[PDB]
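Read through the structure below, which is laid out as structure tokens, and then see the notes.
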Amino acid sequence: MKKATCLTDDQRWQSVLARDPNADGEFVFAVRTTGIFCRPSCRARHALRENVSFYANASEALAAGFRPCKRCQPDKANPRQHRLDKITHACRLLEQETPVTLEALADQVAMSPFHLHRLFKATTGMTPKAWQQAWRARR
DNA sequence: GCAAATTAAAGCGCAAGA
DNA sequence: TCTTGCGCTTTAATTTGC
Ligand SMILES: [Zn+2]
């Protein structure tokens with residue numbers, strides 16, 4: 001809602017402060033005071049808008065000569081929901097074959113199949129192996 | 001200007017329960 | 001035999017001071 005020429009940095013900031021996961025991935029915000037640029041929903045802490053600018057992507061911010069927040073850089077912004085769509089597919093595999101399939105996931109994060117469920121809840125937000133079971137019950 | 005210290009939050013690991 | 005909830009720790013970034 002209310003979008004300037006594809007960069008209402010004014011509300012983008014309202015998104016950065018509002019931690020709107022819907023502006024995450026769409027733009028970043030670079031605080032020159034610290035030389036960092038986070039997503040609109042950074043979970044570490046914040047600096048005034050003053051030294052804060054916005055970028056279409058983290059690479060643009062990365063191009064401003066800033067250090068991407070190790071909290072907002074490794075995780076996914078709007079791409080977050082897309083990586084969560086991938087996990088749902090993980091549910092299919094856990095109900096598609098007979099033996100459960102987490103080996104590719106567990107190896108990717110370096111954790112057991114139960115912790116993969118814990119990740120499914122972390123990203124989805126509140127349902128690890130239970131989200132796997134529900135999806136499988138409706139899929 | 002440059003640094004250190006603090007606060008905040010997320011997620012991993014552990015446990016217990018069913 | 002399998003599962004899920006909760007806690008705590010660690011990580012990270014921000015703020016202020018001189
Ligand atoms: Zn951040």
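Observations
- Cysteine residues of chain A whose Cβ has no partner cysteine Cβ closer than 4.7 Å: A:6, A:91.
- Ordering of A:67-73, A:103-109 by packing is A:67-73, A:103-109, highest average first (other Cβ atoms within 10 Å, averaged per residue).
- Where both bridge residues fall in the range A:1-112, DSSP classifies roughly 70% of the beta bridges as antiparallel.
- Applying the criteria of a DSSP loop state and at most 10 other Cβ atoms within 10 Å to the GluC sites (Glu not before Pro) of the range A:1-102 yields A:50, A:97.
- Debye, to nearest 20: dipole size of chain A, +1 on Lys, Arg Cβ, -1 on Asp, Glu Cβ: 340 debye
- Members of A:86/A:121; A:3/A:70; A:2/A:86 lying beyond 21 Å, as alpha-carbon distances in this model show: A:3/A:70; A:2/A:86
- Whole-Å semi-axes of the ellipsoid equivalent to chain A (Cα gyration tensor, √5λ, descending): 35, 16, 11
- Compared with the direct C-alpha span, the chain from residue A:103 to residue A:22 gains 26.0 nm at full extension, assuming 0.36 nm per residue.
- Degrees separating the helix A:129-138 axis from the principal Cα axis of chain A, which is the longest one: 70 degrees
- Alpha-carbon centroids, the range A:6-43 and the range A:95-120: separation in whole Å: 32 Å
- Cβ-based exposure ranking for A:127, A:98, in which fewest neighbours within 10 Å come first: A:98, A:127
- Once the Cα-Cα distance is subtracted from the 0.36 nm per residue extended length, the residue A:47 to residue A:64 segment shows a gain of 4.4 nm.
- All distinct Cα pairs of the range A:1-77 go into the 1/r average, and the inverse of that average, the Kirkwood radius, is 11.8 Å.
Computed from the coordinates by the stated procedures, all read-outs in this text should not be read as laboratory data. As a convention, Cβ positions derive from the backbone with ideal geometry for all residues, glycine included, and neighbour counts pool all protein chains shown.
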